[PDB]
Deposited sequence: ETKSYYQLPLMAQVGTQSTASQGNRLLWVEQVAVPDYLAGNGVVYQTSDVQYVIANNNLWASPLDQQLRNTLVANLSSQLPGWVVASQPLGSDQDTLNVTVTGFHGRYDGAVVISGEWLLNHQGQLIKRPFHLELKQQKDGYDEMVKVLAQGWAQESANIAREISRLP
């Protein structure tokens, strides 16, 4: 009966982070739990406090800002000569064995020059429950932000 809501915590050269694309199964209200090799279930009582695609974008901006001191990173356009970052997140969920999964692809554009990279991370949840699942998803999303920053540097 208890309803719980979740938020990912929020942490020159110009970098505009565009809207993060997510598929339908991750774009609902509920956090996703993969119950088997084939099935992903949307929780009914454990929900994102704001749209996951917005949370992914805002935390990516904050995470990138903290590791790129020579850059200005924003979710709103910054300048005509800016670089752009477009991300698709195809996995962002817990799994029946205690793993959490983060997957997708990012595309950096500098005046038409491109770097396009897939990502896939899997982390183990140490304690049970949706709180820990989301904590570990946020940790993995921060790790992916570090991967992108290392490339951007």
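Stretches of the deposited sequence absent from the structure, as judged by C-alpha coordinates, are 12-23, 166-168.
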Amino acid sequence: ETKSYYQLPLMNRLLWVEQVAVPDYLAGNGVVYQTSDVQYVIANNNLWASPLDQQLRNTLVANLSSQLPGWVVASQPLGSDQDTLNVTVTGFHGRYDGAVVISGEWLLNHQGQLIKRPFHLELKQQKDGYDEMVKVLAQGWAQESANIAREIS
From here on, numbers count along this sequence of modelled residues.
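The stretch 112-120 shows the higher mean C-alpha B-factor when 34-42 is compared against 112-120 in the entry. Remark: stretch with higher mean C-alpha B factor among 133-141 and 16-24 is 16-24. Among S103, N58, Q125, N86, the highest C-alpha B-factor recorded in the PDB entry belongs to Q125.
Residue-level temperature factors show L68 in the highest third of its chain, judged at the C-alpha atom.
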